[PDB]
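Comments concern the structure below.
There are 2 protein chains.
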Amino acid sequence: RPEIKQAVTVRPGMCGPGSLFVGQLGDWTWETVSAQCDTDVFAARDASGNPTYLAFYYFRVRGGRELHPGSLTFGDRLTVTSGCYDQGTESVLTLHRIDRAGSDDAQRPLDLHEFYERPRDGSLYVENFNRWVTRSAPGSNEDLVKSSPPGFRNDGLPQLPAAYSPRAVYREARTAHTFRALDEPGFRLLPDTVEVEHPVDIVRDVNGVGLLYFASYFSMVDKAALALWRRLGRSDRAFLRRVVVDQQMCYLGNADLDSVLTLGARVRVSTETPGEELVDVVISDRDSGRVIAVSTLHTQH
Amino acid sequence: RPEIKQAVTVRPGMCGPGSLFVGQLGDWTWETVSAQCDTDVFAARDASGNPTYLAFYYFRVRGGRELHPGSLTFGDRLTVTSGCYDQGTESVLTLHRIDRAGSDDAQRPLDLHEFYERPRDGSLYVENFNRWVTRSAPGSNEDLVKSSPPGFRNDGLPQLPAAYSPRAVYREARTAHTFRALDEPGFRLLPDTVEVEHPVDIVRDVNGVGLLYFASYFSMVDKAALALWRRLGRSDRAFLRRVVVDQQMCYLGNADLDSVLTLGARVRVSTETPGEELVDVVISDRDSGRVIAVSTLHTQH
Numbered sequence: 010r011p012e013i014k015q016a017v018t019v020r021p022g023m024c025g026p027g028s029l030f031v032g033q034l035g036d037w038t039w040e041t042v043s044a045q046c047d048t049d050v051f052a053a054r055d056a057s058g059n060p061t062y063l064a065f066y067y068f069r070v071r072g073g074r075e076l077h078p079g080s081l082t083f084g085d086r087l088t089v090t091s092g093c094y095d096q097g098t099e100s101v102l103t104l105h106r107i108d109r110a111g112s113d114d115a116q117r118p119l120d121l122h123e124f125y126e127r128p129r130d131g132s133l134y135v136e137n138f139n140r141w142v143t144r145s146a147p148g149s150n151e152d153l154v155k156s157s158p159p160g161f162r163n164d165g166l167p168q169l170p171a172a173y174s175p176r177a178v179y180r181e182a183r184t185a186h187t188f189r190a191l192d193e194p195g196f197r198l199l200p201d202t203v204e205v206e207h208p209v210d211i212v213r214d215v216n217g218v219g220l221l222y223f224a225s226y227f228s229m230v231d232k233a234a235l236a237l238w239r240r241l242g243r244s245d246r247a248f249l250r251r252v253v254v255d256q257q258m259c260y261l262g263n264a265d266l267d268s269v270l271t272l273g274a275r276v277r278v279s280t281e282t283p284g285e286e287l288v289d290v291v292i293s294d295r296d297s298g299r300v301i302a303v304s305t306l307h308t309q310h
Numbered sequence: 010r011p012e013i014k015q016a017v018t019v020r021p022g023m024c025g026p027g028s029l030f031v032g033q034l035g036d037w038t039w040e041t042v043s044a045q046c047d048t049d050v051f052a053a054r055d056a057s058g059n060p061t062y063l064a065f066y067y068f069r070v071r072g073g074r075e076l077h078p079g080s081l082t083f084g085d086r087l088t089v090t091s092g093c094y095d096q097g098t099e100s101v102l103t104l105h106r107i108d109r110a111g112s113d114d115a116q117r118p119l120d121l122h123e124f125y126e127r128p129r130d131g132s133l134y135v136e137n138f139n140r141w142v143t144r145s146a147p148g149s150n151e152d153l154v155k156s157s158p159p160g161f162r163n164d165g166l167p168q169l170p171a172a173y174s175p176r177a178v179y180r181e182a183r184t185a186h187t188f189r190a191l192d193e194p195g196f197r198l199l200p201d202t203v204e205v206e207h208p209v210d211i212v213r214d215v216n217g218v219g220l221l222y223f224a225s226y227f228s229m230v231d232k233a234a235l236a237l238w239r240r241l242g243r244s245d246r247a248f249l250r251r252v253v254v255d256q257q258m259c260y261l262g263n264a265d266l267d268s269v270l271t272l273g274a275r276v277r278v279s280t281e282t283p284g285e286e287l288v289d290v291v292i293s294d295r296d297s298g299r300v301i302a303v304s305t306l307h308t309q310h
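Line by line, the protein sequences give chains A and A'. A prime marks a further copy of an entry chain. Take any residue in the first sequence, note its place counting from 1, add 9, and you have its number in the deposited numbering. Take any residue in the second sequence, note its place counting from 1, add 9, and you have its number in the deposited numbering.
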């Protein structure tokens with residue numbers, strides 16, 4: 010199955026300090042899987058005709074000072090290279106590489122070694138690990154059930170080696186509540202933390218099938234990050250100047266639309282590099298006793 | 010200049026109870042103008058190389074019970090027909106018609122009479138009246154200046170007759186604070202109103218060039234509408250079931266990112282048709298003494 014290459018002009022609907030860029034990346038994942046796995050992901054149903062959704066489970070966006078999501082402005086010309094990797098019948102890994110158009114070797118194919126071991130400052134690397142799910146009850150967003158639409162073709166797809174394991178990554182994050190081990194050298198934990206109550210926003214958090222929208226988890230994480238930034242006495246203009254060189258998200262659950270979520274955030278500062286921080290955000294559903302997401306942001310400010 | 014026809018599969022990034030559908034419509038407007046007016050709207054600059062933005066000024070989405078934005082779910086197949094109409098060198102009108110794919114006569118071209126006088130229940134009609142603007146000062150979002158990028162080609166475009174005037178429509182709305190005259194028969198004004206303070210949300214309201222994003226005005230309007238809906242003792246599930254058969258928005262201004270806006274809402278109920286209402290929302294910037302938007306929603310619930 011060939012990789013998909015696209016020439017993309019940055020539009021208002023896919024950039025800025027909100028979640029529009031991650032929204033576009035997720036739509037590109039559903040297009041890529043549809044093309045490579047001979048399944049209409051947008052209209053997928055199981056054998057009883059129940060809708061099945063290719064849910065986001067693990068999401069990484071890795072950039073750097075030379076190209077990060079905040080670098081993108083209206084009219085920028087990009088190259089996007091996308092492809093899927095076999096994770097069996099119930100899950101699939103999609104990769105996207107984003108380069109500036111015309112940049113040296115932008116036409117190169119996907120390279121696992123480049124994504125997992127030698128990422129280049131100037132390219133953006135996206136991993137989307139997705140899992141097929143159905144609701145266990147109409148109108149309930151809890152206890153989603155593993156699924157696989159009939160005719161889902163993972164058999165074409167290239168394999169990952171054992172070393173490159175989005176599953177090991179997300180398992181450790183569910184346990185540690187961070188993607189960057191607390192014992193990692195060269196950081197100090199600030200004493201300041203925040204815990205923000207966030208009722209589900211039924212205007213802005215909800216998708217076209219009545220679930221919490223995967224992109225709105227990035228918005229909730231940034232709401233927690235901004236609460237912590239303000240607690241540290243830092244300015245709104247400075248928040249809008251933050252360079253996010255790496256972000257990882259695990260979606261442990263969805264949530265009913267009447268839920269009140271809790272957004273917890275903490276920060277580690279670099280003892281090596283001024284302005285470098287690791288921010289961890291945990292999203293909880295206290296009423297059901299669930300952690301529904303974990304995120305780690307690596308920033309320079 | 011030919012009209013642009015597209016086959017569109019509804020994606021998560023362009024539907025649901027948020028502003029993603031209007032975000033997609035605006036990106037389609039910038040693509041359509043780029044194609045028909047021989048100008049890269051995404052990267053437009055004036056002669057001094059200052060960026061110039063094709064700002065949204067008047068926006069209408071007209072549907073009906075048979076097809077409205079809330080009808081759209083993942084995987085729906087649509088037909089989109091788009092084209093521009095001459096409004097001179099500083100403004101341009103773009104129309105989009107949206108039909109279900111395969112529906113009778115979905116291939117028909119744009120028809121002004123159909124848009125302005127005989128809209129069909131089952132098609133969606135979009136009007137975007139846009140104006141070229143530059144900032145009057147870097148980092149300021151107030152007192153935007155009229156502009157026209159060099160080489161903007163309106164000379165190709167078809168003409169509107171005098172009868173069809175988005176300008177008369179928006180002028181009346183700026184004066185009346187509604188698109189549906191208060192003296193219109195068959196409605197009664199409820200005494201219940203809301204006035205909500207909304208600090209600009211720098212996570213969710215801001216675009217890739219540091220302005221308030223045109224789609225986030227629709228979110229702010231729905232926040233006001235939901236405040237009024239809750240004031241009337243109505244449920245969240247019922248709000249998510251609302252059928253918006255017509256909505257009009259005028260963008261009178263933008264706003265600095267530290268602004269605190271005021272969202273005012275009022276409602277008229279039908280004395281003819283149960284469940285039919287007209288909701289008016291006014292967005293104010295009290296500190297600068299400006300009305301920055303007016304919206305009217307026609308709903309069935």
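Positions of the beta carbon are idealized from the N, C-alpha and C atoms, including for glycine.
- If you ignore the 5 residues before and after residue 284/A, its C-beta comes within less than 6 Å of the C-beta of 309, 310, all in its own chain and listed in chain order.
- Interface flag for residue 44/A against chain A' is unset, since no Cβ pair is found closer than 8 Å.
- Put simply, of 81/A, 281/A, 103/A the residue whose alpha carbon is nearest the alpha carbon of residue 138/A is 103/A.
- Along the region 189-214 of chain A, the positions whose C-beta sits under 7 Å from a C-beta of chain A' are 211, 212, 213, read in chain order.
- Using a CB distance below 7 Å, the part of the region 61-90 of chain A' facing chain A consists of 81, 82, 83, 84, ordered along the chain.
- Of all alpha-carbon atoms in 228/A, 264/A, 266/A, the one lying nearest the alpha-carbon of residue 256/A is that of 228/A.
- Per DSSP, residue 92/A lies in no alpha helix (DSSP H); the unbroken beta strand (DSSP E) holding it starts and ends at 86-95.
- By the rule that beta-carbons nearer than 8 Å mark a contact, residue 267/A touches chain A'.
- Within chain A', the C-beta atoms nearer than 7 Å to that of residue 20/A come from 36, 39, 51, in chain order.
- In the DSSP secondary-structure assignment, residue 286/A is bridged to 278/A, 308/A.
- The continuous stretches of beta strand (DSSP E) do not include residue 123/A', which lies in the alpha helix (DSSP H) extending over residues 121-125.
- In the structure shown, residue 42/A adopts helical secondary structure according to DSSP, grouped into three states.
- Contiguous beta strand (DSSP E) elements confined to the region 107-184 of chain A' occur at 133-143, taking only those with 3 or more residues.
- Using beta-carbon distances, residue 156/A does not count as an interface residue toward chain A', since no partner is under 8 Å.
- Taking a C-beta cut-off of 7 Å against chain A, the contacting residues of the region 225-249 of chain A' are 228, 231, 232, 235, 245, 248, 249, listed in chain order.
- Residue environment: residue 168/A' is assigned as exposed (fewer than 16 neighbouring CB atoms within 10 Å of its CB, all protein chains considered).
- For a Cβ distance threshold of 8 Å, residue set 21, 25, 27 of chain A lies close to residue 222/A', ordered along the chain.
- Residue contact with chain A for residue 15/A': absent (no Cβ-Cβ distance below 8 Å to any residue of chain A).
- For residue 218/A', the closest Cβ of chain A is nearer than 8 Å.
- If you draw a straight line from the Cα of residue 30/A' to the Cα of residue 78/A, it is about 22 Å long.
- Contact with chain A' is found for residue 32/A, since one of that chain's Cβ atoms lies less than 8 Å from the residue's Cβ.
- When 57/A', 12/A', 236/A' are compared, the shortest CA-CA separation from residue 46/A' is found for 12/A'.
- Per DSSP, residue 188/A lies in no beta strand (DSSP E) segment and is marked neither H nor E.
- Under the criterion of beta carbons closer than 8 Å, residue 226/A and residue 260/A qualify as touching, at roughly 6 Å.
- Where residue 197/A is concerned, the enclosing beta strand (DSSP E) starts and stops at 196-198.
- DSSP places residue 237/A' in the helix class (H, G or I) of the three-state scheme.
- Secondary structure note for residue 255/A: its beta strand (DSSP E) is the uninterrupted segment 252-260.
- Following the DSSP letters along the chain, one finds residue 248/A' inside the alpha helix (DSSP H) bounded by residues 245-249.
- Residue 63/A: member of the beta strand (DSSP E) spanning 62-71, first to last residue.
- Secondary structure note for residue 75/A: it is in no beta strand (DSSP E), with a DSSP letter that is neither H nor E.
- Within the region 202-231 of chain A', the complete beta strand (DSSP E) segments at least 3 residues long are 203-208, listed from N- to C-terminus.
- Where residue 18/A' is concerned, the enclosing beta strand (DSSP E) starts and stops at 13-18.
- Here the C-alpha atom of residue 293/A' lies approximately 30 Å from the C-alpha atom of residue 73/A'.
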